[PDB]
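Letters A, B, C, D, E, F, G, H and I mark the chains as written, and numbering starts fresh at 1 in each.
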């Protein structure tokens, strides 16, 4: 592995990314155990 | 022809035993074209005369030299690299027990042989050093200067490490690498205890030295030929 | 000393479980203060 | 592990031992998940001479 | 290097063999999804390469009369293939044949292990076919003897 | 040490007694020295007739000096398994060469604590020449870690033998998996017996004399006469049983205590089924008290006397008057 | 997991003879395992240190006839099986009458 | 368990063994002979004298100390060690780097090309053999 | 080595070539002694270990087959390779049953070209026959120096005669030492920039990079080693890079082949190779004290003459693949090198390749630019541009107008026998 590796060697996008990530964290059933303050 | 097959197997096994009678448990070295310095039986006297140590943070040392050269200086440098690979490579790994050393003869034209040094850090780039022997310096001092250069390179590579704590930890948890060295223990001893029998060894372990035999007191008394403050029996 | 840090990691989960339970009780008792007042 | 016999000394490699428990283990309460839409819990309480 | 008719016939034979192999895998439980399909493919391709090499060596009116013998040899090989297919189709009923197919699909041991199981499969099927006849005629003989004894 | 003068005499041995031969599946446990061959044989053997008899096992190089055969039972499969001495000095003994050639199959057992020395490569290629069915069984599987199983098992698959079987003789794991591999051979050998049983019956109806005498051997249903040969060490009793069978079946060397596991051999003498059972050399208590392992081997010697039908005690006649301990026997 | 196997994570109390005793023995000259003797005191340690030899000659040095070079009769002790008993036996060297040939005088000469 | 040691001895005359048909030792030659042999047969007939530096000096040969009986072997292993040490002291040139690599001084023998005089065309060998995931798609609005 | 860079997209076709029965690896010893300039590729190739036999897994579709056949020097293994090649080609053609055919009027000129080539055939086969009887020399040693010359050893004999014409020892390796791939790609990008301002691609396609990794012999994969290319590999790479970087449409493959052959001539030119080549350690930054970054002129001239020699055998080997009906005949009767890299480029493609090659070679001989100096001059580049665009347009407009040029240019490039 060593030998082979040495031989080989406010934007709208981010805003909508935050929107999608927050919606996922809110509506996901895996995160249903999130504390109420969070 | 079954008896002939059995005879062939016996002959092959007899040759194998003649080759590795004291060399059964160690692994076999790489069967390359430049690593001929490993399959040969090394004299322990020569290995003791050639004792050289490198920085503890290095893990791999390879040398690459061409088989056929075009220039006179290229032939000289290739001869220097070959002499170094045949003289100082095996002592380095045998006396460091941490580094893996390898030599290679490339079937091409390369007037400048080189040596690569890999440290214990996986993210750190290896150090490459070309063999440029001075024309005025003979082969002996040229090989000596090459050895000094590679030792200084290993020292720099080990001093430029990122995290010495993790370097030392991976050094501790790295297995052995000098298992392939075939050495002939000649008139010096078979086991390190008999080898260093002329020196007091204070580095021991209590649970290791504790014998586990039945009636160990009786056996130790018999071995020491010591009375043990025990009254003699009848003896009359 | 590193094995000692591994012992805390086993019980550190439960100490976090106790804090969040009261944090839920503090935020819920705040909601009923707005509903009834 | 405690010694199993007294006649044989600790020097014998064939010494037999027996395991005896010091603590049966550690236990913690079980706390189920609390729903958000139903935080209010209703229960019945039976008390005998408790204020 | 092989005539088109022979190529078509051997493709039909290999298709039938693969159909029978998958049918066996689905009917009796083969614990691997690949099963004996890969082993059958390897063996058939090896025999195909061997026969093609033999045909290349034989190509050297003598060639015309040898082509007929080679075609008849290939026809016999394909009839043996059909027999193998029928035996595999009847295999799921018997328990030993299923175990043999399972060990051939798993591929444990050396080649001589798999070869002895491969070659002896047809012989074991024929042995089971003859066992019923032998035991039936023996039971009929014993029944006739017992009847003629009861008459005496 | 084999010499042309010695090997010429062995060829002139005439069988005093006829070996019965194997009528069931034969499997030889082939492997290296101290690889768990005897321990694997203990889990597989099942002899309710001689319960005290077992295969000796110890974490030492060269515990099994001589081969031993016995009946084994595994998931309703009746067959016999042969224990073979490990490759000593990187070579097999002559008693083990002729023994593994009689077996139908073989189980190549290898341990993972030590790498594959060039001796197994010689033995594996030796079994390749005989065209014998061999299965690779990786013993001592419990020593390997979970994250290391994929590395070692990829190597055992590259030795020509496909899909090596993981097995642990101590934890008895993989026993139900080794049984499934032997299932086809059991039905195969059962197929060979009945077909050969049909051939020997047609010749009997023809009038062949060699076929009628063979049927009478199978038609003979009598209780076995277990005849054991016991005696003091260095007395020649193992060398005697080799003269009975007609070849060097057991090992017989000048050094004392060359047999460490009793060996049983089914034979037929004048139409009487009998079993010649080798035994280890008995010894006094003042010689076996300090020597613990010899006391265990002597324990297996006295046990075979309790189940032997006819005991034949041998003693060195060159001494003249027999030994005092030989009378106590 | 087996409860009868000692837990490798824990560590039992050290029981064997300590660094002090082992270092004292190895500095006296005996091997480190030699600390496994029986009932040693100051005088027994002085005796087992070997500073003086427990040997002698069959005759006084002025009355010696057989040639002995660096040879002294020794005493080997062997403790019995059970306990507390020992057998002490003397051990004599291998006297072999050498019959050599002298270069100064012709005829050979023999001497024990 | 002391093995049979062989001692060095300086011969004074060309001794020819009649039985085996060879020379025991040339004149002024240092031979490793049996102890009993030298003591009972060679010494009395004055055919050889013990090899010592003073004997070499008296005979005029170049002095050399073989260190006889310096390490009295109590075991064949120690005897082998002593013989190896004596062999080294005799030929230190046997244990140099150039002699250790005399076989590989020209390179790999497999790499070296050797001329062939002849061969039988029927010895050629011609054998043929049989030669037989998923991820996620992440989109970013831009 | 009939055509450097004549590569086509095709599936991998594996084959297990025998190596020897252990422990007597006789053929392996022969390979170690003979395959020295290609031992890097030999070690890079995968090894297959049977129960008691050893096999090398070689891909016939790749350049590995031709590379082994050129340096084989072992008659039985090379004849078995030849037979396997021709048999699998016959089977693939029989299974395809639909090869692309060229225009019949174009194949007539190429058919008439084979008439004048038989004389040069008779001369070059005599050159190949004397090299076969030179096995006793320690340089090149064959197994049978008295056996009759056959069809399969044409590559070995041609390489031996090229070495004898170069008269310098190990010219191929001496050139690979000074020819590294990175600087070659950089200067080839510079050349395609100088030739086409905007009509050149920004880079090479990834599929074509995979194809080139398939068709180029692999070097050592060590940390300090640098990828180095033999002069033949450099010529092939130049031709393929040109013919794949030119932005001519796929329907006008003639212009792409013309660009490829122009690049091939640029590569085979000695002065261009000397100007482009640099030392590998100089490129990597290891050694800079030699100051010898220039390629040896004698070795350059020798390795260029190596590719210059033997045009007739290459022309006939390509005419074999020009038509499949004549391929089945000439594969086992006349001279033919059955390379799998030429089969996917069927009749039309290979005929356009032959036409572009002869036109480019004749234009090269007419200019004589390989004589004076400095192929990188603006006047010469503009002449090349005008030539290639004129030839492409003339081929697209009228077939006979360029067929007459092809005929005269063939007569010019391959001269008739003189005494």
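Quick note on the criterion: a residue touches a chain if its C-beta (ideal position, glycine included) is under 8 Å from a C-beta of that chain, and two chains touch if they have at least 3 such contacts.
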| item | value |
| --- | --- |
| Touch-network distance, chain C to chain G, counted in steps | 2 |
| Chain nearest the global centroid, as defined over all protein CA atoms shown | B |
| Where chain D and chain H are represented by their mean Cα positions, the distance between them in whole Å | 72 |
| Whole-Å gap separating chain A and chain D, where each centre is the average of the chain's CA atoms | 40 |
| Computed distance of Cα centres, chain D from chain B, in Å | 54 |
| Euclidean distance of C-alpha centroids - chain H vs chain I, Å | 56 |
| Junction residues of chain C, two or more chains touched | 24, 28 |
| For chain G, residues contacting two or more additional chains | 81 |
| Chain B residues counted as touching two or more neighbouring chains | 12, 107, 126, 216-217 |
| Touching pairs - complete list by chain label | A-B, A-C, A-D, A-H, A-I, B-D, B-F, B-G, B-H, B-I, C-D, D-G, E-F, E-H, E-I, F-I, G-H, H-I |
| Chain C-facing residues of chain A, complex | 35-37 |
| Partner chain G, residues of chain B touching it in the complex | 200-202, 204, 206-207, 209-211, 215-218, 220-222, 224-233, 235 |
| Chain I residues within the chain A interface of the complex | 221-223, 225 |
| Sites on chain H touched by chain E in the complex | 128, 130, 132 |
| Contact set on chain H toward chain G in their complex | 39-40, 43-44, 49 |
